[PDB]
Structures are given as structure tokens and as C-alpha cells.
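> have a look at this fold, sequence not included:
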């Protein structure tokens, strides 16, 4: 079953960008507490409010990996890469999710990229 990805063609106000950072702060607080479902919900709220911020999809992917929902992670990473092809985070989580699945060649591809992109 698939997760909410948010409307890619939305008009995004300064107000919405701010509330998104608020939901992100709370998602991060839940994550660090090991309340992982809660973290997903809160990243999902963040994504509906700023669906063009790549870091939000990457963070949610990382949570999906900790929950061992690798396909869900891969969907989030693809979307983050499509917004920002040159940032390291989504390749890392996509590589890790590919490992759970035993997609060894894909995982090494992505993890190799993550290492180079990271600086």
C-alpha cells in the first residue's frame, strides 16, 4: 500500500514553508525518541505543506528503512532525487533500502554515489 506524496504542482507560501519546518522539527524530535510511526506521520504532514523540499522525502525514507519498509523508502528517495539529483542523503537511504531487499548491485551503485556526493 502507498503513502501520501503531496501535490507536486502546489503554490507554496512563506507561511506554508514555516509550518513545514515546524512539523519537521517535531518529526525529528519523535525520530530521536524512537517513536517511528509518529515520525512518519509528522514528515507526511511536512510533505503536504512543502512537497518540493527534497530533505523531507529523504528524512522520511530514512524512517521507512528503520521500519524495514524498503519499497516505501525507495519511492521517497526517487522523489527526492528528482527534486535534487546532486545531494547525498537520498542515495544513502536508497542504497540501504536496496540492501534490505538484497538488490546488491543497486545498493552499491547508490552507496558509491552517496560517498562521493557527501561534502
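That came through fine. Numbering: from 1, shown residues only.
> what's the first helix or strand after the helix of greatest length in the chain?
Counting residues, the longest helix found in the chain (DSSP state H) is helix 14-31. Next along the chain after helix 14-31, taking DSSP states H and E as the criterion, comes helix 36-49.
> quick one: buried residues of that next one?
Neighbour-count burial for helix 36-49, counted by 16 or more other C-beta atoms under 10 Å, picks out 38-40, 42-49. All C-beta spots, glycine's among them, are computed from the backbone N, C-alpha and C.
> how about stretch 87-105?
Buried residues in stretch 87-105 (16+ other C-beta under 10 Å): 87-99, 103.
> about what we covered before: which two in the buried residues of helix 36-49 are spaced the farthest apart?
Across the buried residues of helix 36-49, the longest distance by C-beta to C-beta is 17.1 Å; it joins 38 and 49.
> for the residue nearest to residue 117 when sequence neighbours are not counted, phi and psi?
Of all residues not flanking residue 117 in the chain, residue 88 sits nearest, at 3.9 Å (C-beta to C-beta, 6 or more residues apart in numbering). For residue 88, the backbone dihedrals (degrees, to the nearest 10) come out as phi -80, psi -40.
> please tell me I have it right and residue 88 contacts residue 110.
No - the pair residue 88 and residue 110 fails to qualify as a contact (C-beta atoms under 8 Å) at a distance of 10.2 Å.
> sounds good, over and out.
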